[PDB]
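Just one chain is shown here, as structure tokens, and it is the form deposited in one PDB entry.
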């Protein structure tokens, strides 16, 4: 009808019903992985228990979003089916999908596609009882705590050390889902609050450092940064001694105090006590309106001339010494920061790259708040903001604004990377008359469904 149409070659919106905004985010992100909807659109329950109605509804939904000419579709049928908190709410959906696909596998020798896609394996090391510890687990979504961390690697390197037992990556799923937990108990409020420390994550993540293959050097490098950090702090402490220099409560840069004392000393002395009161052509390097150097009250009274040379010598040589000291300390600090940055930049460490595919963001109170998600359109190679009906050509800058941290009252609660060395997640199969060719990516039952809905919409337009 009026502005309800879907623009050509544009993403389909999801209707929000009863605060279902979280469902739209997770569903639009999972649909966007091409491999996943090729995996679920080609799904018929084997004839050979509540997973099947929801699953069929989800499949019908996927076809509608994929093929409809409507700006947005309604997930209400599928949303109502998931009946049995938002965490466990998503958990039930995922559980249903993994077990429903579990049923589909037949014959062979007793793996499900989804556990391939979202799960892997990781190691362990001895606990503090004097006994070595070795174990492996599925670790589907890796949780992370954003307590005083600046980037994602600080977060991971802390979430994997867990006391001086360290985990290590053995098997990596093609899609890697990180959780970012902003909830920390606030004493000043006496309630668990979402901390608003900004956390940086990159568009592409090199996971080579956290896998066991290179383990030998990573700690052999980790230790080093520790040493380096135990060095770096020293400099900082020394440098602050130059920037915040003072006996008492108020501290000023030492160069400033030296310069100001020298200016006071060289100021014209005032023996008198306080509280006793056409166009001119210009030379190229002359200073106009230079104020007359009459005495002002702050200058010293006695001013021995012999001493003045002492004061100038002492203070200027010391000020130059201090300037060079500070510049050397800052150069050293900067180069240490540089080495720490790029010590993982060697070619052996850049072998495994995971590209960011989705970020799910949440605003408001913990129990109830708005949810939306940024995803990557690979064809146009553009970021897209999905928020219920609205799907917009967002940019990585609006992405960083909403998702990163203490910007504009928002936070990213989940990151979804995909491996770049395995492109089958985005690949589309040959149509054989030219690939995915849109609507013709679905089996005939969905085809007739979407065509009937589109003809109904054409009648509705009048």
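In this text, the rigid core denotes the largest set of C-alpha atoms whose superposition between the two forms falls within 1.5 Å. Positions refer to the first chain, counted from 1.
Note that the form deposited in another entry isn't included here; everything after this is about it.
Once the rigid core is overlaid between the shown form and the other one, residue 21 does not reach a Cα shift of 2 Å, moving by less than that. Relative to what is shown, residue 69 and residue 450 are farther apart in the other form; their C-alpha atoms differ in spacing by at least 3 Å. The pair residue 66 and residue 456 is tighter in the other form: their Cα-Cα distance falls by no less than 3 Å compared with this form.
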